[PDB]
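Next comes just one chain, in structure tokens: the form deposited without adenosine-5'-triphosphate (ATP).
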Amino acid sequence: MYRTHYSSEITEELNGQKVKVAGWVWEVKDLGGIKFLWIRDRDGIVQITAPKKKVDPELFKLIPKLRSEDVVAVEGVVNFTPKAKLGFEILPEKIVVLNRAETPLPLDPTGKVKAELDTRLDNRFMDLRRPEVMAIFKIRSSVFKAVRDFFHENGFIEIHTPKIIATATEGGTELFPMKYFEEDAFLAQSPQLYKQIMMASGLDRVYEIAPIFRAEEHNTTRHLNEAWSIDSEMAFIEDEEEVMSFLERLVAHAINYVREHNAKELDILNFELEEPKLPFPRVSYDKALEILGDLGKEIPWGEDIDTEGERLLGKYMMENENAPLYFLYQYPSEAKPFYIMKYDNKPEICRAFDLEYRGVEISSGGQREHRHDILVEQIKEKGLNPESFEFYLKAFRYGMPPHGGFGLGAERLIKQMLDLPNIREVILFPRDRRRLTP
């Protein structure tokens, strides 16, 4: 390897020791009698100082030749001194140029000049060179890790369902049609039916983090045509609250993991991420509708709360409860999928819920209807053909325990967590109605 340490792995213990660092030429200062070379790492910058009398002559004249963004490797002795802004500096013994960079650069990694989102997405390799952009994806990676950690600690098994499907769905479109040889298939937009089917196998507590595909005809700052969903399903529950409680702690765990580990990244982003306050308030759909109506947002009882409503409720919740996260639940049965269980005592409302982070929905789920006949009837009620769902309904005929689950949008989770404006900021290669490359 061209390096032994990252800018962050160098500490006191190494003082006076030879190390090897590598990165991109950040800055060069030829001040005559002494030169300075700053190298950029994924963790930060490293100062290489070259006092004319302490360094090799060939090396002294090489430094001023280095250009911005050149990939170089430096071997030298670590020197802890108060003169170095970062605590220590490297006294170079050897400097190798691994690769020279062309000019001009597609983006300004220095940050002076801002560039359109489109330009940045077209040059992601350049864009990530900026600390605040790198910070996001380090945080994205941390979130996935925390989420998976929490699942494991709670006895969840990771499962993987098919992305190429030919089976029915309650939706219909926003499905990317595809050709499977002679047959016609589509890309799956949710593991919903498959994860439920697995509740009849005894796996009990399952989860999957995989990409889902939706061919939405219009672009929004909230969703993309390709996303990473964090689905989960758990059997032997008594009510949707068990699922809500779990999700709640999952989310709190990922948020707190980011606060602990990515404190540096959060600072870089100039963002103060709140300590989760469990339990998050539950706001029934009827209470939400009352609240909204008083704000002039009139939603007829029965239709779902729109984008403007979620936005208003998010604000209301924040001012009246200092709640960046809250649940909306007990939705009207007509407003939810055929597989959501209804309140046997109040059949017009169902056991479905949505988790709102900063006024935007990051997850939805609820207790499922595991009773075959009731499920069959609810399909019919939705005006669908139960015969189109045989592969699915068959699983509810041979001992199907009570169950519930959720779907967590990974990008949406991160975007709302960091309070980012556009969702294209949390995914490296966004897939738009207008974007297919790179």
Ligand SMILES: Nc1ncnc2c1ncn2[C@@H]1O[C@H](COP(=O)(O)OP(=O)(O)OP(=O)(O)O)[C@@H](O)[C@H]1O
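Counting begins at 1, following the sequence as shown.
A.B. asks: Pick between 143 to 151 and 287 to 295: the one whose mean CA B-factor in the entry is higher.
C.D. replies: The deposited B-factors put 287 to 295 ahead on the C-alpha mean.
A.B. asks: If you average the Cα B factors in the entry, which is higher, 208 to 216 or 84 to 92?
C.D. replies: Higher of the two, by average CA B-factor, is 84 to 92.
A.B. asks: Quick one: which of 239, 158, 182, 231 has the biggest Cα B-factor according to the entry?
C.D. replies: Spelled out: the listed residue with the top C-alpha B-factor is 182.
A.B. asks: Highest Cα B-factor in the deposition, which of 368, 222, 129, 249?
C.D. replies: Top of the list by C-alpha B-factor: 222.
A.B. asks: Test of reading the entry: by CA B factor among the chain's modelled residues, which third contains residue 17?
C.D. replies: CA B-factor rank for residue 17: highest third.
A.B. asks: Using the B-factors in the PDB entry, rank residue 124's C-alpha atom against the chain and give the third, lowest, middle or highest.
C.D. replies: As the PDB entry reports it, the C-alpha B-factor of residue 124 lands in the highest third of its chain.
A.B. asks: In terms of the CA temperature factor given in the entry, to which third of its chain does residue 359 belong: lowest, middle or highest?
C.D. replies: Lowest third, going by the recorded CA B-factors of the chain.
A.B. asks: By the record's CA B-factor, is residue 377 among the lowest, middle or highest third of residues in the chain?
C.D. replies: For residue 377, whose C-alpha B-factor we compare with every modelled residue in the chain, the answer is the lowest third.
A.B. asks: In terms of the chain's CA B-factor thirds, is residue 245 lowest, middle or highest?
C.D. replies: Its C-alpha B-factor, which the entry lists for residue 245, ranks in the lowest third among residues of this chain.
Only in words, not in the display: the form solved in complex with adenosine-5'-triphosphate (ATP), which the text now covers.
A.B. asks: 97 to 105, 281 to 289, 363 to 371, 252 to 260: which one contacts adenosine-5'-triphosphate (ATP) in the entry with it bound at 4.5 Å, heavy atom to heavy atom?
C.D. replies: Going by heavy atoms within 4.5 Å, the stretch is 363 to 371.
A.B. asks: Do residue 407 and adenosine-5'-triphosphate (ATP) share at least one heavy atom pair within 4.5 Å in the entry with it bound?
C.D. replies: Close contact exists here: in the entry with it bound, residue 407 approaches adenosine-5'-triphosphate (ATP) to within 4.5 Å, heavy atoms only.
A.B. asks: Tell me, yes or no, whether residue 242 is in contact with adenosine-5'-triphosphate (ATP) in the entry with it bound, where a contact means a heavy atom of each within 4.5 Å.
C.D. replies: Answer no; every heavy atom of residue 242 is more than 4.5 Å from adenosine-5'-triphosphate (ATP) in the entry with it bound.
A.B. asks: Is there a heavy atom of residue 273 no more than 4.5 Å from a heavy atom of adenosine-5'-triphosphate (ATP) in the entry with it bound?
C.D. replies: Because no heavy atom of residue 273 falls inside 4.5 Å of adenosine-5'-triphosphate (ATP) in the entry with it bound, the answer is no.
A.B. asks: I'd like to know whether residue 10 contacts adenosine-5'-triphosphate (ATP) in the entry with it bound, with contact meaning heavy atoms within 4.5 angstroms.
C.D. replies: No, residue 10 stays farther than 4.5 Å from adenosine-5'-triphosphate (ATP) in the entry with it bound.
A.B. asks: Considering adenosine-5'-triphosphate (ATP) in the entry with it bound, which of 358, 163, 342, 223 comes within 4.5 Å of it through any heavy atom?
C.D. replies: Looking at the other structure, the residue within range turns out to be 223.
A.B. asks: Heavy atom within 4.5 Å of adenosine-5'-triphosphate (ATP) in the entry with it bound: which of 348, 216, 158, 294?
C.D. replies: It is 216.
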